[PDB]
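Asker: So that you have it, the file is protein.cif, and it contains mmCIF, C-alpha atoms:
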```cif
data_data
loop_
_atom_site.group_PDB
_atom_site.id
_atom_site.type_symbol
_atom_site.label_atom_id
_atom_site.label_comp_id
_atom_site.auth_asym_id
_atom_site.auth_seq_id
_atom_site.Cartn_x
_atom_site.Cartn_y
_atom_site.Cartn_z
ATOM 1 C CA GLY A 1 -6.282 -10.687 -3.691
ATOM 2 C CA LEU A 2 -5.439 -7.576 -1.691
ATOM 3 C CA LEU A 3 -8.230 -5.585 -0.052
ATOM 4 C CA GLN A 4 -9.119 -2.629 -2.265
ATOM 5 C CA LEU A 5 -9.569 0.840 -0.755
ATOM 6 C CA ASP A 6 -11.147 3.891 -2.437
ATOM 7 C CA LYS A 7 -11.357 7.610 -1.735
ATOM 8 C CA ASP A 8 -14.218 7.033 0.691
ATOM 9 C CA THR A 9 -12.748 4.005 2.498
ATOM 10 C CA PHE A 10 -9.002 4.839 2.639
ATOM 11 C CA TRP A 11 -8.851 7.016 5.748
ATOM 12 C CA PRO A 12 -11.591 5.105 7.665
ATOM 13 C CA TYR A 13 -9.569 1.940 7.075
ATOM 14 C CA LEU A 14 -6.356 3.500 8.433
ATOM 15 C CA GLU A 15 -8.265 5.012 11.345
ATOM 16 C CA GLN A 16 -9.504 1.629 12.541
ATOM 17 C CA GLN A 17 -6.260 -0.317 12.038
ATOM 18 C CA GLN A 18 -4.733 1.074 15.268
ATOM 19 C CA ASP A 19 -0.943 0.893 14.893
ATOM 20 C CA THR A 20 -0.668 -2.282 12.766
ATOM 21 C CA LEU A 21 1.634 -1.714 9.784
ATOM 22 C CA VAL A 22 -0.398 -1.006 6.609
ATOM 23 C CA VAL A 23 1.273 -1.387 3.195
ATOM 24 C CA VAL A 24 -0.591 0.397 0.384
ATOM 25 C CA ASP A 25 -0.035 -0.517 -3.252
ATOM 26 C CA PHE A 26 -1.140 2.480 -5.347
ATOM 27 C CA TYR A 27 -1.495 1.152 -8.906
ATOM 28 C CA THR A 28 -3.217 2.061 -12.208
ATOM 29 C CA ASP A 29 -4.897 0.177 -15.054
ATOM 30 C CA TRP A 30 -2.144 1.277 -17.448
ATOM 31 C CA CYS A 31 0.767 0.282 -15.160
ATOM 32 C CA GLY A 32 2.809 -2.587 -16.562
ATOM 33 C CA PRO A 33 5.169 -3.006 -13.592
ATOM 34 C CA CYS A 34 2.164 -3.131 -11.196
ATOM 35 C CA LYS A 35 0.974 -6.316 -12.918
ATOM 36 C CA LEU A 36 4.516 -7.719 -12.690
ATOM 37 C CA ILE A 37 4.824 -7.206 -8.910
ATOM 38 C CA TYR A 38 1.205 -8.110 -7.981
ATOM 39 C CA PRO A 39 1.511 -11.922 -7.546
ATOM 40 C CA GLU A 40 4.628 -11.407 -5.385
ATOM 41 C CA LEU A 41 2.685 -8.879 -3.300
ATOM 42 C CA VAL A 42 -0.183 -11.327 -2.789
ATOM 43 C CA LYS A 43 2.440 -13.926 -1.816
ATOM 44 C CA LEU A 44 4.045 -11.599 0.705
ATOM 45 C CA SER A 45 0.631 -10.758 2.167
ATOM 46 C CA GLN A 46 -0.129 -14.421 2.853
ATOM 47 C CA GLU A 47 3.249 -14.868 4.540
ATOM 48 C CA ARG A 48 3.246 -11.637 6.584
ATOM 49 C CA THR A 49 -0.175 -11.961 8.182
ATOM 50 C CA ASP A 50 1.013 -9.517 10.892
ATOM 51 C CA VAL A 51 1.029 -6.699 8.279
ATOM 52 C CA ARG A 52 -1.972 -5.317 6.324
ATOM 53 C CA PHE A 53 -1.664 -5.262 2.523
ATOM 54 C CA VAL A 54 -4.175 -3.140 0.596
ATOM 55 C CA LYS A 55 -4.364 -1.550 -2.847
ATOM 56 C CA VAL A 56 -5.721 1.680 -4.319
ATOM 57 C CA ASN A 57 -6.510 2.134 -8.008
ATOM 58 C CA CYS A 58 -5.422 5.708 -8.805
ATOM 59 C CA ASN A 59 -8.076 6.580 -11.389
ATOM 60 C CA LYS A 60 -10.475 9.425 -12.136
ATOM 61 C CA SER A 61 -12.964 8.211 -9.538
ATOM 62 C CA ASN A 62 -10.256 8.367 -6.834
ATOM 63 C CA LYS A 63 -8.556 11.459 -8.248
ATOM 64 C CA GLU A 64 -8.999 13.508 -5.081
ATOM 65 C CA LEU A 65 -7.266 10.782 -3.101
ATOM 66 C CA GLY A 66 -4.345 10.636 -5.539
ATOM 67 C CA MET A 67 -3.986 14.404 -5.448
ATOM 68 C CA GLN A 68 -4.285 14.582 -1.647
ATOM 69 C CA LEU A 69 -1.634 11.856 -1.278
ATOM 70 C CA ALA A 70 0.582 13.401 -4.000
ATOM 71 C CA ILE A 71 0.931 10.130 -5.887
ATOM 72 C CA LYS A 72 3.464 10.515 -8.702
ATOM 73 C CA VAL A 73 4.746 7.081 -9.809
ATOM 74 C CA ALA A 74 2.893 3.895 -10.708
ATOM 75 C CA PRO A 75 3.342 1.816 -8.599
ATOM 76 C CA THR A 76 3.891 3.709 -5.344
ATOM 77 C CA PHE A 77 4.010 2.041 -1.917
ATOM 78 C CA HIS A 78 3.131 3.810 1.344
ATOM 79 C CA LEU A 79 3.653 2.321 4.803
ATOM 80 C CA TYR A 80 1.299 3.602 7.530
ATOM 81 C CA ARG A 81 0.981 3.337 11.292
ATOM 82 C CA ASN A 82 -1.473 5.282 13.444
ATOM 83 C CA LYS A 83 -2.952 6.991 10.373
ATOM 84 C CA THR A 84 0.500 8.360 9.528
ATOM 85 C CA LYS A 85 2.874 7.597 6.665
ATOM 86 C CA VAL A 86 6.100 6.129 8.065
ATOM 87 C CA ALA A 87 7.763 5.424 4.693
ATOM 88 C CA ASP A 88 7.275 5.361 0.957
ATOM 89 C CA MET A 89 8.953 4.112 -2.177
ATOM 90 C CA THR A 90 8.173 4.070 -5.881
ATOM 91 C CA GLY A 91 8.528 1.450 -8.587
ATOM 92 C CA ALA A 92 8.058 -2.302 -8.760
ATOM 93 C CA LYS A 93 11.126 -3.164 -6.685
ATOM 94 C CA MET A 94 10.005 -6.061 -4.480
ATOM 95 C CA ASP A 95 13.468 -6.421 -2.896
ATOM 96 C CA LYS A 96 13.423 -2.816 -1.727
ATOM 97 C CA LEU A 97 9.806 -3.128 -0.542
ATOM 98 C CA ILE A 98 10.524 -6.222 1.570
ATOM 99 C CA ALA A 99 13.525 -4.469 3.115
ATOM 100 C CA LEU A 100 11.446 -1.365 3.821
ATOM 101 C CA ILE A 101 8.792 -3.533 5.489
ATOM 102 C CA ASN A 102 11.309 -5.477 7.560
ATOM 103 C CA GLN A 103 12.831 -2.209 8.741
ATOM 104 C CA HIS A 104 9.435 -1.134 10.089
ATOM 105 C CA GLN A 105 7.894 -4.493 11.083
ATOM 106 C CA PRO A 106 10.594 -7.156 11.395
ATOM 107 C CA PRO A 107 9.263 -10.698 11.163
ATOM 108 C CA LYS A 108 8.897 -13.057 14.111
#
```
Have the structure of the file written as structure tokens, please.

Answerer:
Amino acid sequence: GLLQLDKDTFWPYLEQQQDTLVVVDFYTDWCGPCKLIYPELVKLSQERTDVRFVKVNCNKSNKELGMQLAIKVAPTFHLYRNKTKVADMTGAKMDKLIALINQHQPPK
């Protein structure tokens, strides 16, 4: 399972991850497609151990984080380096995600 971040741990996590690529899966409890893509995401995370995969439940508890990050679509994916968003995409499109990741952190 992917490491879960919250409104109080999100930015401290990105602060301490230096410039390693961080892939954030923003999901919700009502998001069908999120449940469809999740086992593939876990799979990818075990293969690409050079990239960080984490997840954020956009809910009322985390509502300030979702507003601050301007989350619109469930799921949304952000890629981060050095505390800074280098890409994003929406929807459960694992093909597109893998291509986005390889364009920022090519394997091997």

Asker: Show me the residues close to (-8.3, 12.4, -5.6) - anything with an atom within 12 Å, counting only C-alpha atoms - and format the list as an MDAnalysis selection string.

Answerer: chainID A and resid 6:8 10 56:71

Asker: Write out as a PyMOL selection string each polymer residue whose atoms come within 7 Å of region 40-46 of chain A, counting only C-alpha atoms; drop sequence neighbours fewer than 4 positions from it.

Answerer: chain A and resi 1-2+53

Asker: Just give me the gap between CA of residue 91 (chain A) and CA of residue 17 (chain A) in Å, one decimal is fine.

Answerer: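 Those two atoms sit 25.4 Å apart.
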
Asker: Find the distance between CA of residue 84 (chain A) and CA of residue 55 (chain A) and write it in Å to one decimal.

Answerer: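 Interatomic distance here is 16.6 Å.
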
Asker: Find the residues around residue 22 (chain A) up to 12 Å (all atoms listed in the file counted), leave out those fewer than 4 positions away in its own chain, and share them as a PyMOL selection string.

Answerer: chain A and resi 2-3+5+10-11+13-18+45+48-55+77-88+101+104-105

Asker: Enter the distance from CA of residue 31 (chain A) to CA of residue 93 (chain A), in Å, rounded to one decimal.

Answerer: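 Rounded to one decimal, the two atoms are 13.8 Å apart.
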
Asker: Measuring atom to atom with all atoms listed in the file, identify which of A:4, A:106, A:24, A:32 is nearest to residue 92 (chain A).

Answerer: A:32

Asker: For each of A:25, A:47, A:97, A:35, take the minimum atom-to-atom distance to residue 73 (chain A), counting only C-alpha atoms, then give the residue where this is smallest.

Answerer: A:25

Asker: Considering only C-alpha atoms, state which residue in the set A:20, A:37, A:75, A:108 is at the smallest distance from residue 95 (chain A).

Answerer: A:37

Asker: Quick one: 3 Å padding each side, axis-aligned, all listed atoms of region 68-78 of chain A - centre and edge lengths in Å to one decimal, as lines of an AutoDock Vina configuration file?

Answerer:
```
center_x = 0.2
center_y = 8.2
center_z = -4.7
size_x = 15.0
size_y = 18.8
size_z = 18.1
```
